[PDB]
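# Fold the following.
(chains A, B, C and D, ligands or ions: 4)
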Amino acid sequence: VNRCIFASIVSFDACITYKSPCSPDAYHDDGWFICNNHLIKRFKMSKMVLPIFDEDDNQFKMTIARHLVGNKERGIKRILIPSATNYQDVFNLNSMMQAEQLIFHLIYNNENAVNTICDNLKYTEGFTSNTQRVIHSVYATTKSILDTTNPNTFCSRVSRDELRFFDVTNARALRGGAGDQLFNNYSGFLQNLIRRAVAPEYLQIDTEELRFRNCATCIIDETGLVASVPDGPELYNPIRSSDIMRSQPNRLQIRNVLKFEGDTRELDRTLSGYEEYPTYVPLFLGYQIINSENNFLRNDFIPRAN
Amino acid sequence: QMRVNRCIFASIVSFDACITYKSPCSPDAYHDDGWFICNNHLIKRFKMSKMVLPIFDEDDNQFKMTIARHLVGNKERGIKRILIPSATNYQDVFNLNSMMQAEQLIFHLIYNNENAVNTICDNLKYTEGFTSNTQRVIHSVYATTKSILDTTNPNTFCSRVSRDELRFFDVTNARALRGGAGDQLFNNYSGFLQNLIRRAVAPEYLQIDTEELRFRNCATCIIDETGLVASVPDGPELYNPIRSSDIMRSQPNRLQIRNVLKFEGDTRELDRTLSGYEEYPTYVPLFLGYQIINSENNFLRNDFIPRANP
Amino acid sequence: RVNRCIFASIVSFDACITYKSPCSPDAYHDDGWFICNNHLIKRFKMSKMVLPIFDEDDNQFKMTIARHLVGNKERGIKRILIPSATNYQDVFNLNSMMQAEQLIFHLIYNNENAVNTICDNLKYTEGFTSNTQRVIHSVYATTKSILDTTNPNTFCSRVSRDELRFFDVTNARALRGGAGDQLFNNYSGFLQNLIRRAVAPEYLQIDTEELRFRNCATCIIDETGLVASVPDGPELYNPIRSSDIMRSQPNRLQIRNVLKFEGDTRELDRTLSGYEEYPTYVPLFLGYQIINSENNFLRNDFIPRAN
Amino acid sequence: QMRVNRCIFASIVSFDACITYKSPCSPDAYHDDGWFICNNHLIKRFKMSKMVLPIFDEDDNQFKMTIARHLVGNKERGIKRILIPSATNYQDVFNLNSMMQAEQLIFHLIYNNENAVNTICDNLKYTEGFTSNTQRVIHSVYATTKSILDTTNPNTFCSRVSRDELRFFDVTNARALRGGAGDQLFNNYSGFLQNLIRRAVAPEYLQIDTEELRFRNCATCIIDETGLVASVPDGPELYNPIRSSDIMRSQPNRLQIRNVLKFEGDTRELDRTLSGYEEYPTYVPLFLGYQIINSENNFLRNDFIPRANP
Ligand SMILES: [Zn+2]
Ligand SMILES: [Zn+2]
Ligand SMILES: [Zn+2]
Ligand SMILES: [Zn+2]
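Numbers count the residues shown, from 1 in each chain, chains lettered A, B, ... in the order given. Ligands and ions are numbered 1, 2, ... in the order given. Provided below are the atomic coordinates:
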């Protein structure tokens, strides 16, 4: 079963049918409820797994995502997951079909906009005995996923052993900060997506710290989950092509690429049979505590509530 | 060829890309007569049927004239008697809300209501699947309707007008080349509606070369403010049963209440007694007004021309 | 064919007493009744029936109705057929209704507090997260889905509006309601649909003409709820159609006084058996239903009706 | 398909019922390229040629826009420099009362001159053979011209209009989304002529989302009260050597005195010395104004839509 939230994007008109392009990872029961293709298209992130090894033989993999924000980009083009008070500006929902707009409105709990879409679609002819049950299928699937990830849904089993503080100052004191308050403000599905994409900088398991990176690559500010380093210039993150070129093919866009000139093949062969260190930018931020007694190694998503 | 659907309502389609709809149109829709409407739609919307009034010359040389019979029961009163509503009350007489938007657009064009058609424009432009293919179909419907209207509008550019014929719907001074209040009301109608009224409502009198042929001695309809209405100018309304109608299929999910009249006696033997006799039909034709054919004229023409008002 | 009765789920929350609720076959007929005849009888003291309205030539159409199962000798909370949202926990003995039935009942009356209390109470059990979490979630999901089906305010919930139904027939001819209708509006969408299904209108104005079916209501809508008492005089004789109805708990001991007739009625039996029978019963007649000139009153698929 | 003639002047046909006429529209008339005028008719009437301006980027992608070179000699002065006359001076620039009928009717419609076209109808109606061919041909010409104009008039019912493009001809405040006197005059123009100016006159600046591409450093045309004119906003006019042979011969009988220019001296050896190098054309393109492409746009769209300003 497709678990990508954006799997329900269809055309409210009956004739044209649109099976949204979803990567094969959509059907996996991983913590994610979004596919890699859609995560790239909308939240401009790529899914990856961070494997943590012990000393002798045991490796457990956590999830992580790498953002796709160029260093040159600035402003509203750096936010990966916008906040509910600015998302309608970062996302150009107007040019996003109608089903995608409905899903986005539901993700951010904008029932008013959803009802406006409802009214607009009720006015048109061929809605009652046609578009109805189609908008209903979209809404039902989206709400099902959102309540699956919402810990407050009725009788919704919620994990509570593990804690996640996106502010590392007082994390060892068992307490978050302003970023953590903003995180709590988010919708359950968005909170889960952030907890998946953004790996914790520190990992306190059984009182043992396992600091992974020495500096956070992202920040949770008011604008949202920004792909900005809190020190000096932004990280060089080259993105080549063929990820979102599905964008309207008639939309003429300019792009300032940065090419290297010169023969690199001799240098390449000089040092070729070496393990290559990847140059992506992972999403590292915050602190995660496993709390000794727990069930961290459970192969089934359960909502995590701080 | 002359076998194009000339019924104005032939363009009715679905503004969505599904639910393909072929508007039920009677065969007469393809005939090049001046009706510009099919019998099926004439019955369904304007509740009239397409008859023909043959005027016989004494020697042999008969000629025909279009005439319609209305389908208004004598029991019905109010806005249920209006056959062709005026441009003001039509939105009330016709339940435009309860019909396909294509029919609504055609109707709004028939009454020169630009605001309503533009509102339909905007409502459709608020649709996701609008620019894909619905734009082309709605534009086609508008183009066909406008073309029909220009065909019937005598004020359209290079619109040939046969002014040899004068029709007055108030026969008081019609003999004095003059109309009345009903005629002024009739002038306000759109060209298509004017032609439809002329086709449907035969004149009581016909003046040809000073010869006055009086067909009926009393009008069966009236052009009042509400529009062209099926009601006698005095006394109770004419008994008019119709039985079969468009209510068949139509709206099978809508439950409607009708009180009907029926006879409860054996009539087969009475029928057999009066079996092989000429039958006088008990319909109600639309008779009203006066019509003059000037000594010099082209009244016996085949191609329709938008006859202009007095 | 999918079970439509709202009480269809009712599954033990312990995964030990596994049993299937005794829904009657009519449970699988989507006829606007989202409850089966057996459950309607057991819980709401009503039996399903169809009221056929004939014209004078051929075309007859059917209309749902219900007969209540309240004896004339009953008084107080025993006469209430459908309790209001503020007294149901008193009329219904929800304690002796397992917990799935209690959950369904709490949802029917929008008593989310009691629903959450049931959930919190059941979270303690050591067998919770294994399977009872999912069983409770399934029951809740089915119940909420049915309620949305019958609730016209749900998102994109197509709602019929060419049909008006009042229960205080004083200004119904004025297209206006009354205190009974104000109480009716307070009900949950499912319960409003159930009342409209069970309580036939004594008047049926089909766009010009009043079809008066009964000349007095056999039920009322008061604060206590939908009640089987007559608006005037002693209650209607209703001999419970005998033991036909059911029995629930063999262990529970209860005394019932039953009116007995005496005499050899067999001779009169055939003498009148040579004739057509008029059924006594007691249908639910109350209020005024108007069908406008334009409508889809003969629409097969059920759609919620909103006043 | 490509068998419908999109040129507006294609409908030109003699109103008389005897003498035939075949408009010499160029093959380019059959392409749906946004131009609704063919290259030869553009040359004959508006004194412009049809060129394509290709804009490349550093990579292996490119896109082409339309542009036109005017055919106004440097020595021309007065109303001879006007390429597209305004609605007021057009009857003074064009010699309408010389190009028989039909073409005159199209010209009157292009400038929304209802009175003049009605007068044309009035004059034509008195002809002996009016109800014969003449009325048919005149009606066909009017219908074709009206359809062409509606295709471009953004204010037509259900007429889709693009609004991701913003075109100005005033530049001084184009960076502030605001036009000026030239833009105000441009708005007064007919929709077809607005589209024709947009096609012919390439923008001096091209601003896509945020990057500004400057094509020319000085406009070559102007939009003044007399219309779109081929005068520079500078000193002596650009030297434009008219190719006399290319320009049609029009009227063989009419005797016109033309003071042509002539270069003297042998130049074949110079050509041989400079044969092989890419030649930079000496045409004079139409550059003026400022064009903005919204970040969300459908610029690379095949089907033409009227580009009404926001
Ligand atoms: Zn996806
Ligand atoms: Zn028809
Ligand atoms: Zn049941
Ligand atoms: Zn041409």
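
# so what's the residue in the stretch 51-200 of chain A positioned nearest to ligand 2 up against?
Across the stretch 51-200 of chain A, no residue is closer to ligand 2 than residue A:125, which sits at 20.3 Å (Cβ to the ion). Backbone N, C-alpha and C define where each C-beta goes, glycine included. Neighbouring residues of residue A:125 by Cβ atoms under 8 Å, 6 or more residues apart in numbering or on different chains: B:14-16, B:100-101.

# List the buried residues in stretch A:8-20.
A:8-14, A:20 (16 or more other Cβ atoms under 10 Å in any protein chain shown).

# got those as a markdown table, with secondary structure columns?
What follows is the buried residues of stretch A:8-20, written out as a markdown table (DSSP: H, G, I helix; E, B strand; the rest coil):
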| residue | secondary structure |
| --- | --- |
| A:8 | helix |
| A:9 | coil |
| A:10 | coil |
| A:11 | coil |
| A:12 | coil |
| A:13 | coil |
| A:14 | coil |
| A:20 | coil |
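
# Looking at the residues you listed, which is nearest ligand 4?
Among these, and counting by Cβ to the ion, the member closest to ligand 4 is residue A:13, at 39.0 Å.

# Run a quick neighbour tally on residue A:7.
Residue A:7: 23 surrounding residues under other Cβ atoms under 10 Å in any protein chain shown.

# and it, which of the three is it?
Once three-state DSSP is applied, residue A:7 turns out helix.

# same thing with residue A:50?
With three-state DSSP as the basis, residue A:50 sits in strand.

# Which strand residues bridge it?
Assessed by DSSP bridges, residue A:50 has beta-bridge partners residue A:62.

# separation between it and chain B?
Distance, residue A:50 to chain B, by Cβ to the nearest Cβ, to the nearest Å: 40 Å.

# and the residue of the stretch 51-200 of chain A closest to ligand 2, that's in a strand?
No - according to three-state DSSP, residue A:125 belongs to no strand; its state is coil.

# can you list the residues that contact stretch A:166-175?
When contacts are defined by Cβ under 8 Å, 6+ apart, stretch A:166-175 is touched by residues A:163, A:165, A:176-180, A:183, A:198, A:201-202, A:204, A:216, A:220, A:285-287, A:289.

# In strands only, show me those.
Those of the contacts of stretch A:166-175 mapping onto strands are A:163, A:165, A:202, A:204, A:220, A:287, A:289, per DSSP state E.

# Between those residues, which sits nearest ligand 2?
Nearest member of the ones in strands among the contacts of stretch A:166-175 to ligand 2, counting by Cβ to the ion, is residue A:220, at 65.5 Å.

# From what I see, the closest one and residue A:183 are in contact.
Yes - taking contacts as Cβ atoms under 8 Å, residue A:220 lies within contact range of residue A:183: 5.7 Å.

# Find the nearest non-adjacent residue to residue A:160, please.
residue A:305 (6.1 Å; Cβ to Cβ, 6 or more residues apart in numbering or on different chains).

# er, residue A:79 actually
Residue A:79 sits nearest to residue A:224 (Cβ to Cβ, 6+ apart), 4.5 Å away.

# which phi and psi does that neighbour have?
phi 140, psi -150 (degrees, to the nearest 10).
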